[PDB]
Structures are given as C-alpha cells and as structure tokens.
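Student: Below: the sequence, then the experimentally determined structure.
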Amino acid sequence: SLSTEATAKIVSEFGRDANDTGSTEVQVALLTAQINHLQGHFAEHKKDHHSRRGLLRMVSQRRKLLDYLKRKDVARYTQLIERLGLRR
Amino acid sequence: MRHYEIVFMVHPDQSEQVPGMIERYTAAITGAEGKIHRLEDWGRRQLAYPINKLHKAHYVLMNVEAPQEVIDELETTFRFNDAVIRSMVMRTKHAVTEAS
Amino acid sequence: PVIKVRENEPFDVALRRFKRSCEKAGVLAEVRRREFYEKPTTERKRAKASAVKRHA
Amino acid sequence: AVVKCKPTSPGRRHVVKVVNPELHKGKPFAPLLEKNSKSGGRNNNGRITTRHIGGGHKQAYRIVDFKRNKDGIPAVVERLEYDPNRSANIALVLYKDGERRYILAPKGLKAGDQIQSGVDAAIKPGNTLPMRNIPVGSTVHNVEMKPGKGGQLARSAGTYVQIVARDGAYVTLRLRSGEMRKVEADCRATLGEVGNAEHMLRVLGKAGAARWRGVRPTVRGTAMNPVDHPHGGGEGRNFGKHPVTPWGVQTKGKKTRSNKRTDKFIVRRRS
Amino acid sequence: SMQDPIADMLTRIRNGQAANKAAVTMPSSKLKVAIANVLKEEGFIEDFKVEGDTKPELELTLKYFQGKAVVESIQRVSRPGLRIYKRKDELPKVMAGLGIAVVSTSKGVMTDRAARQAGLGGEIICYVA
Amino acid sequence: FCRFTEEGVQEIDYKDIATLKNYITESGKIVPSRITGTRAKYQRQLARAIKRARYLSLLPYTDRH
RNA sequence: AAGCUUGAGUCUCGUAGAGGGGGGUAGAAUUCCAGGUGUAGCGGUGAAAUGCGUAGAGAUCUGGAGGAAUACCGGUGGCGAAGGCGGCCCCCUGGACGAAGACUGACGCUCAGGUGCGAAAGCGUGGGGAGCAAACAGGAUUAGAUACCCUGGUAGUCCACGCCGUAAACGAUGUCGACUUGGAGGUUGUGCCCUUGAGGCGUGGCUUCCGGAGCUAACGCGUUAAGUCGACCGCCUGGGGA
Ligand SMILES: [Mg+2]
Ligand SMILES: [Mg+2]
Ligand SMILES: [Mg+2]
Ligand SMILES: [Mg+2]
Ligand SMILES: [Mg+2]
Ligand SMILES: [Mg+2]
Ligand SMILES: [Mg+2]
Ligand SMILES: [Mg+2]
Ligand SMILES: [Mg+2]
Ligand SMILES: [Mg+2]
Ligand SMILES: [Mg+2]
Ligand SMILES: [Mg+2]
Ligand SMILES: [Mg+2]
Ligand SMILES: [Mg+2]
Ligand SMILES: [Mg+2]
C-alpha cells in the first residue's frame, strides 16, 4: 500500500519543520502518491471494483482539500500543484 | 523482505537426495541476502492418506524472511522438481524462531 | 465411520457402537440435505427459522 | 488489439483489423529470407490439384527454425515481426555467440526476452526442451513428432497442446482437436502458447481480402451442372442426393483415417 | 451535520422534560446562553451554568412542578430550512399570552411580549409553553 | 470451556498434532465451537490449522481414504 | 477581517475480517474413458412405466481424464456503499474499527442533473463443458396434463473482455447529524487495578432478540426508532386503464 518510511519522507518534504504530521498539503501529496502507485494496479486489474471505489473516495477527498486550499490562499495551492504535477 | 513459513513434502526415496537440496535452498536465500530462522526435518512420516501411490513422505519445515523474488524462484523450482511433491508457502508476522 | 470388532465383545454391542458413531457423524442427515438441491435463499430461511425456534 | 472499422464503404464495414502495435514496421531480416513461389493449387502435371487456391500478394519465404539445434546458449529477442507465410507471428532472436534466427512467437513474449534451447533450460514460455525433462500438465507449442526432426505440432496462431501422461519412453500429448496421442519423450517441444490468440477474431470483411489471402472463389456443387459435380443440375434448386465431394465421397461424417501405421500411438480419437 | 445548535438544545430540553432529568448538559454558545437566561427569567427553569474553556458545556436545571413538566411544548418556528421574520405588530401571542415565543430582537434576544413593549421586531426563533 | 484462552497463546499452530486431534472426530470431521466452548477467532484459527494439516496429509480429510 | 476543537480529517501501534481483483494449488463426490472381478436384473415411484442391462449393466476394485463447486468449520458468525462474498496459499490492493497520543483547523451534510458499482437471467465474440437444468423427447399421471412426478436431455449455468441495467436490489424503513428510562445477551477489540487463577474493575466501538417512555390505524418499531428534533433530498395524491 504505502510504506511508513515513505510517509515519513513525504512529511519531511512537505510539512513545516517536520514537527507537523497532519498537514492538508501533506495529506494531498500522500493521496497522490498512492494513486500513482495504484494506477498500474488498476491498469492491470481492470475489474477490481471495490478497490477502485476506495481510491475514488480518496480522489474526492483530495479534490475537496484542494478546493479548500484554493480559496484559503491561492499561491500555496499553486506551489503544491507545481511540485506534485497535478493538472488543476 | 517479508516473513515466510514454508513446509514441503519430498518423495520417500528422495530423502537421501534432500540434504544437498536443503543446502541449495539455503544458498538461494543467502543469494538475495534473506534470513533463515529455523529448519526442522520430520523425516519419513506415514501419510494420513496416500498421495498418488506413495504412502510415506519426507516432511521438511523451514522459516524464512526474504524478498518476493527468491520465494517466486523457490515456487518455480517446486513446480519443476518432481522429487519435492508439494509445498505450503505462507505469510507470517514477527520473529518466529522456535520449533516443537 | 470405520468400525472394528474387539475380542470379548458381542455383535449386538458392536452394532450399537456403529449406530452411535453414525449418529455422531450425522451422515444420514447430510445425505438428506444433499438428496435434493437447496436454493441458498431457502437454506438461509431455514436457518433463520431454526434460530427463532432456539429462542424460547 | 481488435479494431472494428468505421463503415465508410460497404466493403470496409465488417472488417475487423487484428492490430499488434508491438510488431516491427519495415524490412524483415535478409539472410533468413528466401523465395516462396506460388503454385496456385497445381502440381507437377500442371493440373489444379487443390481447388480455390492462387493469387493475392506475392509472398516471400521465412526460414523459421523449428529444429532448434543451438543447445546451452541463451537467446534474446531482437525484434518481433510479421509473417505472411503462416497465421502465426515470428520473432527474430539474437544469440549470445552471434546469430539471428526466426522463431515462432510465444504468448508471454515481447521484445527483449531471454529463452534457452536444450536439456538444462528452465521453465519459461519460449524455451525448447525434450519432454523427458518437462513436467506433465503444462501447455506446449512447436512440437516435434520424431527426435531432431523439426517442430510440427501447434504452429498456427494461438495454439497449444497439453501434456496428460508420462510413461517412461513415451509421453501422451492431448492435442488441440482433443485427440490424445503418444509421442516419444526425447523429442523437442517449446513451452507455452503461440503469440497471436486474437487471429481468430479477425474478419476478412470482403471478397477482396479473401483474394489477397490467396483464395479463389468456391462454387457450390448444387450450382454446378450435373456433369461437373455430383450435386449438379436440377430445375431451380434441387439437392435430393447425399452430400459428397466433387469426386462422390460422402462429406457429412464419413471418416477417412486409414493411416494404420501411427494408429498404435493414438490413444483416443477426438470428440 | 451539526446544523442547528439552538434546535438541538431545545430537543434536549424536551427530552429531559419527558424523561424527568434533573440536569441537562449540552455544547454552549453566547446566543444559547442568552436564550437560557431569558428562559430562566420567564420562570421555566431553575438555574443555568456554562462551564468549559475549549469545549463549553451549558448545564440546565429543570423544574417539575406538582409531578408534571413545566415546559410542556417547545418548538422552533424559525428554522435553518425556513427562517420566519416578523414585524412589531405582526409578532404572535403564544397560547393567548399564557405561553411565550423566543424572538431574536435587535436590542438583545428576548420574549415576544418584551419585544412588543420595546417597539421592535425580528426573527421568531422558538415557541415555548 | 476454552483451553486456548486459559493457555494464553498468540497463534494455534498445525505442528502440534495432539491438540488438533482432540478437536476433530474419528471420521475426519471438525467439532463445533458450541460443543467445545471455544472463542470464535480461535476456532477459526483451529479450523485453518486443520485444513493445513489435511493439505499436508498430517490429519486426514476422510478416515476411509 | 481574524481565530478555536468537539464536527470532519491525516499521522504511531495494532485488530479481525467469505472486503475485492489476479495467480497458483487440496480434497471428496459425480460423470466419462480403459481394464480386472462378477451375473440377473438395475434404475425409478405413492404405485408403475419410459430408460438402462445377457453386447455383462447396476454392482463393484484399480488406473486414469476432466469440469465445476467447496461438505465438516459455520454460529440472527463476519466483511462490504450496496449488489454480494465461504477449500487453501501467495501477490496486488481497498476499506472498516479501535487504542494511546500528535497535528490540520469547518476542510462539514445532502445532492437536481452527472458519474461509477449493481444478484439473476439474458445478449455479444472467444473459450470451457462434470453435474445440474429451461426448452425439448419419451414415459407416466390425468376427463384433458403443453404441468406437478420419473427417465433422459440442448441453451444456459463456468471463465475471458464487453453490453444489459432490471429483482420482494426488502430492514418493504432515503442519506447524514443530534438527543431519550433499559435488559438479556452475543460479537469485536482495548486500558487500569496486586491477573494473587480461567478471571476483576469498569469502559469504548459492532451487531441480535425482548421490551419501558414514546409513537402509530393498530400490528408493531423501539439508544441500529417507525421516539423526541434538524438538514437535505427523493417520491406519492382513489383503483383500473398503466
Ligand atoms: Mg477451398
Ligand atoms: Mg464459402
Ligand atoms: Mg447452372
Ligand atoms: Mg454424376
Ligand atoms: Mg423447384
Ligand atoms: Mg424434394
Ligand atoms: Mg490554526
Ligand atoms: Mg449472469
Ligand atoms: Mg454466453
Ligand atoms: Mg425434469
Ligand atoms: Mg411430457
Ligand atoms: Mg425498480
Ligand atoms: Mg437481496
Ligand atoms: Mg422499494
Ligand atoms: Mg421488539
């Protein structure tokens, strides 16, 4: 699924002064990474429907978070997408 | 690197040939720098029901902590080698070291 | 239920033992169940009924 | 994969294109290529021998290796190519010493796959080995009947032959038709299925395609005159005569196996 | 969602009245506190007290005079789905005066009667009897 | 009465033949948790162990074969 | 404009699970193929007949070949949004739930349209085909028997990638959030107190039955409401026609 060490690394990359662990941006990044990981699986296992629903839910959550960020402050939102490679 | 409990059955006449086989297996796991936890040979044991025609089988137990690749290789070997009849590959959790 | 006859033991007693073993197994009941195919739904309903009966 | 064409012309309507994008576009390998002269269903006596043959695009021969005599050497796939000679696809394989060979394409094979011919070869689709080393049960293509003779069984696209019995010198192979037959365990056989399963899903679409394929039109006996074919004649449509060849041999069940040689090796006929 | 707090509070109060609870505890607000104070003034309840810094909890002590609940009927007219705003002369008289209405009056939240006396209208929150 | 709970073990292993044979009948059929008095997860574990044994042909599927 | 944690989230350890998808494999049993032993019937029903069987069936032992489903465990057991999902084992993976804690700070709820999932049967190419079994055939039964019953038996049931998009898809109870005397339990965890022993203290999540307040047309539901409120939708407005 997603490694503890990997999560820690992500936190280090994104969260402010590493003390933060539940940052919105961080969460979004985590979601994205797992989607990317799972994309190959999805391509391979085309009929895996329950699993698909999970990631759909995750995707939705990510979208919501992005929306929240957007009107809160745009610049940071933009920055986050820049390093991520998220389209809009 | 994941914990792997493997117990396999060997042909009754191929009990003499398995020490070498055991050593080969050991080498294989050492190749990928995996861990060997325990090894217990129950020897020639009379089966509860006969498989094909053989009534007695050579039982071998082994606990591993290795990557997927070597496990896959082991499986392939098992599929190929008719001396080792069947194996029970299994996932385990934490350090399992003690037999009997 | 493979049953063997002991020395210093009557035939009737052996028969009785065999019967007991059979009862323990529930082979006849299983056969009855499998005699005709049961729809899963029907089986579930039966189970529910049994559960209801259990409550007294 | 399978491409259903948009029905622009009435010709292009039903055409189902079997498209493998993995295939190499351009020139086939030169020294492994030879002349394929079309005969048009005619023999030495110049007479039509087998009807409804001849025409279409000029074909070039591929010396596809079915013997596989280079034992103990790994072979890596250079590039997968098209073959007009057979329904199956062909792969050009680079050798570690330095050789190209045309081999029949396996199912689980792309560009850059390592295979091996010989006794010491391990389990992998594309590996060629004698049946006395093989585990019984698996699906096999490119199969020899006699030792060192050359692969003769399962060379059409997508085909495979399962192994059913092991009896020392002989091994029973359950064929694609279902006819179980005993083959000697010393003969070479290539593990896996043929690498064009989707070939059967192809629709030619039009008479033109058939003609290209090299197949002339087929006149129904019932249409022919009573001189030309047994099913001939009749005012309007008439048939009141049991279905036979152009030569008057029943063609609705009349079994014609009279080999009498290899019939000992045959275990059980097809269903 | 936790959409209406006032309504929730009212519901809690009703439940307490039904089940004969001595004290009802609930999440607190300033407007809520004001409402409670108003209720106390009117004479429906014994005493109210808010306690909590991060999570404020309003505790309400209920009366059961002569073996029966004092707050007989307590229902919102103004709602999150539909808000009711009333003019000064348009203000209701709940159960012919014998019973009251909680009104969001612009000069402090209070009784309908009080609002009338003042000369000011607004949003009619709840109907209390 | 559950013995496993009394013992205080993490996993019921297919190695111990003596414990597993007490929880199946002579013919080769598993005894319920309602008769033995076992916890449900533990029962499941036991069943799994039995299955494993059967696979390995340690304890039989059927006593006549 | 500026802030808060309880709502809603994410992180640390775990928790069990028929949660999926993909790949392997185990057993029994049926069918069939082959052979060995064997002889007069077998099979079926309420009773019979069709059937199968003097060619040797059924019976039965051995050897196989296969296709499918997983006895026993298995329990108003569990998990899933539902549809559903039960041999076992691996790979990929979703989610739930919890415990201490850490952090984000309303990120919440519902949802017209919209999108995805959606038992069965069916449909589509390709497979696969043991049983079962529409249709179909014969026998019965029958006043008749297009049925119920028997012997048989194709599609289908099984996979592969698609379509279909309906079920009494039913807890006949929309979804979420809040509150209100209880019990018997079961299930699934977990933290303290000397666990002085399976256990004790309580104390959180999950599901089943009885039932108080209440409610309703009653039946009944009943802290998982059909109760007391709020949000939001969806839908009804006599039956038939439809
Ligand atoms: Mg022709
Ligand atoms: Mg034609
Ligand atoms: Mg003519
Ligand atoms: Mg003629
Ligand atoms: Mg005519
Ligand atoms: Mg005629
Ligand atoms: Mg803040
Ligand atoms: Mg279906
Ligand atoms: Mg179909
Ligand atoms: Mg029938
Ligand atoms: Mg009939
Ligand atoms: Mg409907
Ligand atoms: Mg249902
Ligand atoms: Mg409905
Ligand atoms: Mg009740």
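Tutor: Received it, and whenever you're ready, just let me know what you need. Residues are numbered from 1 along each chain as shown, chains lettered A, B, ... in the order given. Ligands and ions are numbered 1, 2, ... in the order given.
Student: Would you tell me which helix is longest in chain F?
Tutor: For chain F, the longest helix by residue count, based on DSSP state H, is helix F:40-56.
Student: in chain C, what residue is nearest chain D?
Tutor: residue C:37 (27.8 Å; C-beta to the nearest C-beta). (Each C-beta comes from the backbone N, C-alpha and C, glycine too.)
Student: Compute the distance between that residue and chain B, please.
Tutor: 29 Å (C-beta to the nearest C-beta, to the nearest Å).
Student: Against residue E:114, how distant is residue E:96?
Tutor: 17 Å (C-beta to C-beta, to the nearest Å).
Student: ok, the two, which is more surrounded?
Tutor: Each of residue E:96 and residue E:114 has its neighbours counted (other C-beta atoms under 10 Å in any protein chain shown); residue E:114 has more, 18 against 6.
Student: Just confirm the more buried one is within a helix.
Tutor: Yes - checked against DSSP: H, G, I helix; E, B strand; the rest coil, residue E:114 lies within a helix.
Student: My read is that it contacts residue E:105, right?
Tutor: Yes - Residue E:114 lies in contact with residue E:105 (C-beta atoms under 8 Å); the separation is 7.4 Å.
Student: Which residue ranges of chain C form helices?
Tutor: Listed in chain order, the helices found in chain C under DSSP H are C:11-25, C:27-35, C:40-54.
Student: can you dump the C-alpha coordinates of the second one into CSV?
Tutor: The one in question is helix C:27-35. The C-alpha coordinates for helix C:27-35 follow below in CSV (Å, rounded to 0.1, in the frame of the first residue of the first chain):
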residue,chain,number,x,y,z
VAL,C,27,-24.1,-38.8,7.7
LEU,C,28,-27.7,-39.7,7.1
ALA,C,29,-28.8,-36.1,7.8
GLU,C,30,-26.2,-34.8,5.4
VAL,C,31,-27.4,-37.2,2.7
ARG,C,32,-31.0,-36.0,3.3
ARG,C,33,-29.8,-32.4,2.9
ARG,C,34,-28.0,-33.2,-0.3
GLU,C,35,-30.7,-35.6,-1.7
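Student: by how many degrees do that helix and helix C:11-25 diverge?
Tutor: Inter-element angle recorded for helix C:27-35 and helix C:11-25: 50 degrees (by axes from the mean of the first three to the mean of the last three C-alpha atoms, to 10 degrees).
Student: and helix C:27-35 with helix C:40-54, angle?
Tutor: Counting by the same axes, to 10 degrees, helix C:27-35 points 140 degrees away from the direction of helix C:40-54.
Student: So which residues make contact with helix C:27-35?
Tutor: C:1, C:22 (C-beta atoms under 8 Å, 6 or more residues apart in numbering or on different chains).
Student: where do the helices sit along chain F?
Tutor: For chain F, helices defined by DSSP H occupy the ranges F:3-7, F:17-20, F:33-36, F:40-56.
Student: what's the most buried one of these?
Tutor: helix F:40-56 (a mean of 17; mean count of other C-beta atoms under 10 Å in any protein chain shown).
Student: Which residue would be the closest one in chain F to chain D?
Tutor: residue F:55 (18.9 Å).
Student: I'd say that residue and residue B:88 touch.
Tutor: Yes - with contact taken as C-beta under 8 Å, residue F:55 and residue B:88 are classed as touching, separated by 6.3 Å.
Student: closest to residue A:60 out of the helices of chain F?
Tutor: helix F:40-56 (34.3 Å; C-beta to C-beta).
Student: Domains in chain E, by residue range?
Tutor: E:1-71, E:72-129 (CATH domains of a matching chain).
Student: Just send these back as JSON lines, with distance to residue D:1 too.
Tutor: Shown next, in JSON lines, are the domains of chain E (distance: least, C-beta to C-beta, whole Å):
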{"stretch": "domain E:1-71", "distance to residue D:1": "48"}
{"stretch": "domain E:72-129", "distance to residue D:1": "54"}
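Student: To residue D:49, which of these lies closest?
Tutor: When these are compared (using C-beta to C-beta), the closest one is domain E:1-71, at 85.1 Å.
Student: do the closest one and RNA strand G meet?
Tutor: Yes - against RNA strand G, domain E:1-71 shows contacts by C-beta under 7 Å from any atom of the strand at E:1-4, E:7-8, E:10-12, E:14-16, E:18-19, E:21, E:24, E:27, E:54-56.
Student: quick one: which of those residues sit in helices?
Tutor: Within the residues of domain E:1-71 next to RNA strand G, residues falling in helices by DSSP H are E:7, E:8, E:10, E:11, E:12, E:14, E:15, E:16, E:18, E:19.
Student: Report how many residues lie close to the last one.
Tutor: Just to be clear, that refers to residue E:19. 9.
Student: do the same with the first one
Tutor: Neighbour count for residue E:7, taken as other C-beta under 10 Å: 16.
Student: Chain neighbours aside, what residue packs nearest to residue A:30?
Tutor: Leaving aside its chain neighbours, residue A:30 sits nearest to residue A:10 (5.8 Å; criterion: C-beta to C-beta, 6 or more residues apart in numbering or on different chains).
Student: Correct me if wrong: that neighbour contacts residue A:31.
Tutor: No - using C-beta under 8 Å, residue A:10 is not in contact with residue A:31; the gap is 10.5 Å.
Student: one step back: who's in contact with the residue nearest to residue A:30?
Tutor: A:26, A:29, A:30, A:33.
Student: Wasn't it part of a strand?
Tutor: No - with three-state DSSP as the criterion, residue A:10 is helix rather than part of a strand.
Student: what about it, distance to chain D?
Tutor: Relative to chain D, residue A:10 is positioned 34 Å away (C-beta to the nearest C-beta).
Student: where does the residue nearest to residue D:263 when sequence neighbours are not counted land in three-state SS?
Tutor: Of all residues not flanking residue D:263 in the chain, residue D:257 sits nearest, at 7.6 Å (C-beta to C-beta, 6+ apart). Following three-state DSSP, residue D:257 is assigned to coil.
Student: Perfect, that will be all.
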